[PDB]
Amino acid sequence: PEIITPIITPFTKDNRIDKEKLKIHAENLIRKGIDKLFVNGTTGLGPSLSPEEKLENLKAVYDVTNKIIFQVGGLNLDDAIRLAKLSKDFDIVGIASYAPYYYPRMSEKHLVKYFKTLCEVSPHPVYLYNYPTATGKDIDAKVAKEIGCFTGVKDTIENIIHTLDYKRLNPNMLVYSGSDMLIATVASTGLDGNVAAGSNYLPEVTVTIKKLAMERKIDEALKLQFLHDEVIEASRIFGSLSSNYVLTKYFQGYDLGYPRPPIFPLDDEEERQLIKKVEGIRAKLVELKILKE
């Protein structure tokens, strides 16, 4: 199995993509053994990016690596098709899309048509990004089978049964969990990996959890997974999408600029409190020789 980073998008103070900070971060993740980078995902604030910015993201990360899954979805299908066709000049892993978000009670037929249209024009393997809480709908294993053109799925859902069902109904699909908390479990249970937000700031940890679980050192894998869980839980206290910037700076030592409001940056007080929640974790990890310091 693989660890895939849904890469954070660094913004400048005037709310443009900071390409140079993105490249440093992408270069670091690849050097620390991350397999592939999922670009314009939730963690990257994809829904907050215009189609031009989605492409800008791809071009900057492509300067560093071709190991990219390029997320192109949105609520203007013409724009998503355009992005899908534009990726033809990039030798990347795949494109991806979440389901059309916001609008409740879209028909199965319309959802299947949305995705089949993207598969039709795609010059690369297409990945389903299934995220029911964020999008308001579920594209489960049976609807994925019906659409029939997915090379893989990232399933972000608190239900590993649902994730396993993609493998059960679609044995040749790549099946990833969108959860940082399930690296050990996914690797132990025959699933294909994790698209793990926390791999942005602790890539060392997520790679080691997966490696321990593969060696069948499950007790050791769980011990490290449970420490990683505590960092995930701390990030959620003030808002994980904002906190991910602060933790990256903290653990990896470079900054990633700002998020895009209404994803507001943490303020000084929040930042102090987040750091006190994780500094003792940061100490144990150095002690275990997972972090240099």
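Start at 1 with the first residue shown and count on from there.
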- prompt: Do the C-alpha atoms of 215 to 223 or of 120 to 128 have the higher average B factor in the entry?
  reply: 215 to 223
- request: Between 201 to 209 and 83 to 91, point out the one with the higher average CA B-factor as the PDB entry records it.
  value: 83 to 91
- prompt: Considering only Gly193, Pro100, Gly148, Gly152, which residue's Cα atom bears the greatest B-factor as recorded?
  reply: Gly148
- prompt: Based on the entry's values, in what third of the chain does the Cα temperature factor of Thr42 lie: lowest, middle or highest?
  reply: lowest
statement: Binned into thirds over the chain's modelled residues, the C-alpha B-factor of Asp255 lands in the highest
task: Please rank the C-alpha B-factors of the chain's modelled residues and tell me whether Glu56 sits in the lowest, middle or highest third.
output: highest
- prompt: Comparing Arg105 with the other modelled residues of its chain, is its CA B-factor in the lowest, middle or highest third?
  reply: highest
- prompt: Lowest, middle or highest third: where is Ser179 by Cα B-factor in its chain?
  reply: middle
